[PDB]
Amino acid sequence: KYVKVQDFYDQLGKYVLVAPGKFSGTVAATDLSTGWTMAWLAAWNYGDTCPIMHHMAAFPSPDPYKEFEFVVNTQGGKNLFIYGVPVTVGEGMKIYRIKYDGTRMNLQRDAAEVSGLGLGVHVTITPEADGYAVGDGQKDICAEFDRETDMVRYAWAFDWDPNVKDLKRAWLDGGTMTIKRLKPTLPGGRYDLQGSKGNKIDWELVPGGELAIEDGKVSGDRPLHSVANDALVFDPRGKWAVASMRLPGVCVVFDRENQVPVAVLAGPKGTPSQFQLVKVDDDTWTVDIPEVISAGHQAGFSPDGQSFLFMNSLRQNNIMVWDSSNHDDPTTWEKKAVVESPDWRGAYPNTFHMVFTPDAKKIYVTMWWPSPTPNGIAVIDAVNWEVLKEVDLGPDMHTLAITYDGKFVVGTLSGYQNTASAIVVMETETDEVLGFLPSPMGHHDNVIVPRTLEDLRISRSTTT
């Protein structure tokens, strides 16, 4: 007579959802098979004073219900003032290490404290699970870190040198981006880059962002020199990592072990496949970009690593795909398809998160707009590189994760920090929305805890 919600959870299998809350200041893991919050943690409790918990990634655990670790970072400073919240008040850029122990979440350490390097945007796990990487776009630094020591393996620092020394034309009329090896300054191999240290801009570029800096609405010490770095993502086949740079519309493919950049991929339609990487000294490389056609954002590899994706955003909205089958040489990576839609012609929507099915035949991609247009999810034919369908969901759509058996896509909507928020679930057989679960959180990220190294091919490792 009465409808039981456990009938709903039962289909989804034995999977743990974890998501950070941005302005809520909490991080929260959820049992998708019973509907319980297994545990949550509020950073304010540990003396954090802008706990804007931002991006996160979970390491594989052979049994998440007994134990899992993940990495979650924060933002602070003037990131507080960006959204709808009439705030009346900490630099953020903390890299917290946290273990769920079968019962509670336990803060283990701040790794930006250990390493000396604080970084505010995407967190990713290595394909080996022996490390993680973070990027930040206020400092324009990404680094891989060791799992065991929380020390930096390599860090890279990026600078824009505009052709036109004015914020309106700084990117459009092109210029030169410098790829620089960033080395420690402090005793014991530590950096002096915690919190604010080394910010070029006093807050992260939000969506629609590149215009705000162009038009001068974004203060800081060096905005003419921003490239806004977002993510360092991983080739699921090892060796390579790719740093995405939002403003000049490029990714750089780094060699992981040899600690060198190897290819610079060009994002927009109307550019070749790659630009031309140019060694200056041992620590320094450059790349010429005659004009920037569009700012890009989302990047990621298919889980077999045959395919490599960048989202152009705003000036163009599409998905750029490269042929990445040659594991051997990323200089040989060539454009193979572009994903466009008639519905992508305007300034919005934008496509800033994704997940693949494990068989590499579909992607699911978020579709973002400011209030009030509702946001949603496009389904991508990842073989034919075609839009299959677009379902509208609601306000402020963020990330997408997928249960590892390929069956459900678990997403977050985060209400611009001030309105409706939720977890949406979508089955992947016929892509019907099964519905929404209460998520009183500002999530800009979400994971299902993975069990295996292979699981990470579709977690927060290969894509953001």
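We call the rigid core whatever largest set of C-alpha positions still superposes within 1.5 Å between the two forms. Don't overthink the numbering: it's just position in the shown sequence, from 1.
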#### Entry: Segment of greater CA departure in 4 other deposited structures of this protein, 249-257 or 205-213, core superposed
205-213
### Message
Using the rigid core for superposition, please say which stretch has the greater CA deviation in 4 other deposited structures of this protein, 179-187 or 339-347.
### Response
339-347
### Query
Residues with no coordinates between residue 89 and residue 90 in the deposited sequence, how many: none, 1 to 3, 4 to 9, or 10 or more?
1 to 3
### Task
May I ask you to compare 79-87 and 166-174 by their mean CA B factor in the entry and name the higher one?
79-87
### Task
Check the entry's C-alpha temperature factors for 359-367 and 113-121, then say which stretch has the higher mean.
359-367
### Task
Would you mind finding, among 243, 309, 107, 339, the residue with the largest C-alpha temperature factor in the entry?
339
### Task
Determine which member of 192, 255, 146, 328 has the highest CA B-factor, using the values in the deposited entry.
328
### Summary
residue 151: C-alpha B-factor third of its chain, per the entry, is the lowest
### Summary
Quick tally, chain-level thirds of C-alpha B-factors: residue 313 sits in the highest
### Query
How does residue 288 rank on Cα B-factor within its chain, lowest, middle or highest third?
highest
### Task
Tell me, lowest, middle or highest third: where does the Cα B factor of residue 73 rank within its chain?
lowest
### Query
By the record's CA B-factor, is residue 294 among the lowest, middle or highest third of residues in the chain?
middle
